[PDB]
Amino acid sequence: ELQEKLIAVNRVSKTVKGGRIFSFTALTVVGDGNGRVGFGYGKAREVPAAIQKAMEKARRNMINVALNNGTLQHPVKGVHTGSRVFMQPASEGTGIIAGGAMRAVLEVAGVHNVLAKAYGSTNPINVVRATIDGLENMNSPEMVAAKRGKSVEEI
RNA sequence: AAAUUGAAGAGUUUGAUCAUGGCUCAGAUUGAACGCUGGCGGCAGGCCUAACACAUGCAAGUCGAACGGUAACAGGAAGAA
């Protein structure tokens, strides 16, 4: 019972001897809403087939996120090719302050309160890749506590 | 007790892509102006330009418990109706 969200549909084209060959690419994201989120990207000669391929690729290749009561553990920075992403944990009641692709990722991921901002290029594919890379690199107090070989009294 | 609890993007270069990069938009705000329209009230605001020139009226008077006074109006007055 995971939530699936179509982020962007784009029409690309390859040229051949006869003319242009138009195909469609769809970027989606799925997530169970409590710390697991994955994005899929499918190209197809039609829009529904592209969305189906994106959903199948997104249902696999899902990552785990260490949430903290529905928000981030700490401010994180995600970077892909052109997009640089900043996410920050907020208090209860603020919502998701983020761009379209960031909103989709953080909403299907299970994040409820976050202050986010996208720098550089706002390309949807690179934005969702940067968001996923920033969320999977976010660690919890138990992780750092066990990695430091000392109790979790820092929490 | 409270008195920083706060951060959104989109369109456009290409047959298509990523990046760079500028232009434009979505938000607030104003001593505002113009166009169409216009019922009431409360609170505020109202020459941003020519520190250009000014008709007219007012905007700095007051004290007789400082003084010599009596010109005006109100009285007291002696004497002539």
Side-chain angles (χ1 to χ4, degrees), chain A residues 2-58 61-63 65-141 144 154-155:
Chain A
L2 56 60
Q3 23 185 348
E4 308 151 79
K5 199 152 305 176
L6 170 73
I7 292 181
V9 177
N10 185 65
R11 181 175 95 153
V12 298
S13 100
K14 279 77 191 163
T15 309
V16 289
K17 163 174 47 189
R20 294 153 166 81
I21 300 296
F22 297 97
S23 76
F24 295 85
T25 84
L27 168 81
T28 73
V29 68
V30 317
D32 56 352
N34 61 16
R36 296 186 64 243
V37 55
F39 73 99
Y41 183 83
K43 310 199 177 192
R45 298 296 299 278
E46 250 164 68
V47 193
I51 302 175
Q52 293 177 335
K53 294 185 186 179
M55 290 304 183
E56 312 195 280
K57 303 193 94 34
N61 281 165
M62 290 178 68
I63 71 150
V65 183
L67 289 188
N68 178 28
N69 198 36
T71 190
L72 273 72
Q73 300 278 4
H74 59 265
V76 302
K77 302 176 190 60
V79 174
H80 215 250
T81 62
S83 195
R84 307 172 298 282
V85 153
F86 169 78
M87 283 161 295
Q88 168 171 307
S91 314
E92 320 87 289
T94 85
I96 298 178
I97 308 312
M102 306 202 53
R103 161 165 282 103
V105 174
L106 298 160
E107 183 178 2
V108 306
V111 174
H112 303 128
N113 317 311
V114 59
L115 300 160
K117 181 74 178 70
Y119 301 110
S121 66
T122 62
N123 205 56
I125 319 164
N126 287 343
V127 159
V128 308
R129 289 182 106 105
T131 320
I132 293 294
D133 292 8
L135 287 182
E136 71 175 299
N137 294 169
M138 181 179 62
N139 41 39
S140 57
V144 312
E154 327 138 356
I155 204 173

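What you see below is based on every heavy atom in this structure, not just the backbone, and it leaves out hydrogens, waters and symmetry mates. Note on naming: letters A, B, ... go to the chains in the order of the sequence lines (proteins, then strands), and numbering restarts at 1 for each one.
Within the structure, every pair that satisfies the side chain to side chain donor-acceptor pair (under 3.5 Å) test and touches residues 103-116 of chain A, not counting sequence neighbours, is listed here: A:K5-A:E107. Pairs engaging residues 65-79 of chain A under the side chain to side chain donor-acceptor pair (under 3.5 Å) rule: none recorded [sequence neighbours left out]. Within the structure, side chain to side chain donor-acceptor pair (under 3.5 Å) pairs that include any residue of residues 41-50 of chain A comprise A:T25-A:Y41 (at least two apart or interchain). Contacts classified as salt bridge (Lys or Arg N to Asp or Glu O under 4.0 Å) and involving residues 12-29 of chain A (residues at least two apart or in different chains) are not found.
A:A44 approaches A:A50 most closely through the heavy-atom pair CB-N, 3.5 Å. Taking both residues in full, the closest heavy atoms of A:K53 and A:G42 are given as CB-CA, 4.1 Å, listed atom of the first, atom of the second, then distance. A:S13 and A:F22 make their closest contact through CB-CD2, 3.5 Å (heavy atoms, listed as atom of the first residue, atom of the second, distance). Nearest heavy atoms, A:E154 versus A:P141: OE1-O, 4.4 Å. Of all non-hydrogen atoms in A:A26 and A:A54, the two that sit nearest each other are O-CB, 3.3 Å.
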Check residues 123-136 of chain A and write down every donor-acceptor pair under 3.5 Å in which the side-chain atom is one partner and the other belongs to a residue at least two apart or another chain.
residue: A:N126; atom: OD1; partner: A:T81; partner atom: OG1; Å: 3.4
residue: A:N126; atom: ND2; partner: A:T81; partner atom: OG1; Å: 2.5
residue: A:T131; atom: OG1; partner: A:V127; partner atom: O; Å: 2.5

Listed pairs under 3.5 Å, donor-acceptor, residues 85-98 of chain A side chains, sequence neighbours left out:
none

Can you check nucleotides 22-28 of chain B for protein contacts, nitrogen or oxygen pairs under 3.5 Å, and list what you find?
none

Tabulated below should be each protein N or O lying under 3.5 Å from an N or O of nucleotides 1-5 of chain B; please produce it.
residue: B:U5; atom: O2; partner: A:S91; partner atom: OG; Å: 3.3

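Comparing the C1' positions of B:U49 and B:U37 gives an interatomic distance of 30 Å, to the nearest angstrom. Taking the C1' atom of each, B:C48 and B:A33 are spaced 12 Å apart, rounded to whole Å. Spacing of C1' atoms, B:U12 relative to B:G21, comes out at 12 Å, to the nearest Å. Distance noted for atom P between B:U30 and B:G45: 14 Å (whole Å). Here the separation of B:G35 from B:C47, taken at their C1' atoms, is 24 Å to the nearest Å. Straight-line distance between the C1' atoms of B:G27 and B:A10: roughly 14 Å, to the nearest whole Å. Here the separation of B:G39 from B:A55, taken at their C1' atoms, is 41 Å to the nearest Å. Distance check on atom P: B:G46 versus B:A32 gives 8 Å, rounded to whole Å.
Pucker check on B:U13: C1'-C2'-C3'-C4' negative, sugar south. North is the pucker assigned to the sugar of B:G38, its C1'-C2'-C3'-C4' torsion being positive.
To the nearest 0.5 Å, atoms CZ (A:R84) and NZ (A:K117) are separated by 10.0 Å. Here the straight-line distance linking atom CG of A:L27 with atom CD1 of A:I7 works out to 4.5 Å at 0.5 Å rounding. Here the CZ-CZ distance, from A:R11 to A:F24, works out to 5.5 Å after rounding to the nearest 0.5 Å. Taken from OG in A:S140 to CG in A:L72, the straight-line distance is 12.0 Å, to the nearest 0.5 Å.
In this strand, B:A10 stacks onto B:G11; the six-membered rings sit under 5.5 Å apart at an angle under 30°. Here B:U20 and B:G21 show stacked bases; the six-membered rings are centred less than 5.5 angstrom apart and their planes meet at under 30°.
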Inset, instruction - For RNA chain B, just give me the dot-bracket, please: Watson-Crick or G-U, both distances below 3.5 Å, ( ) intra-strand, [ ] crossing earlier pairs, | paired with another strand, . unpaired. - result: ........((((.........))))........................................................
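At B:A19, one or more side-chain N or O atoms of A:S121 fall inside 4.0 Å of OP1 or OP2 (strictly under the cut-off). In this structure, A:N113 does not reach the B:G6 phosphate: none of its side-chain N or O atoms is under 4.0 Å from OP1 or OP2.
Rounding to whole angstrom units, CG of residue A:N123 and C1' of B:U17 are separated by 9 Å. When rounded to the nearest whole Å, the span between CZ of A:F24 and P of B:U17 equals 12 Å. Rounded to an integer number of Å, the gap from A:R84 CZ to B:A19 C1' is 11 Å.
Atom CG of A:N34 has more than 12 heavy atoms from other residues, nucleotides or ligands within 6.0 Å.
In this structure, the side chain to side chain contact (heavy atoms under 4.5 Å, CB included) partners of A:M62, at least two apart in sequence or on a different chain, are A:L2, A:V30, A:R36.
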Inset, instruction - Could you encode protein contacts along nucleotides 7-15 of chain B as a string, one character per nucleotide from 5' to 3', using B for base contact, S for sugar-phosphate-only contact and - for no contact, with a heavy-atom cut-off of under 4.0 Å? - result: BBSS----B
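Its glycosidic angle being more than 90° from 0, B:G11 falls on the anti side.
Near RNA chain B, meaning a heavy atom under 4.0 Å away, there are no residues from residues 29-54 of chain A.
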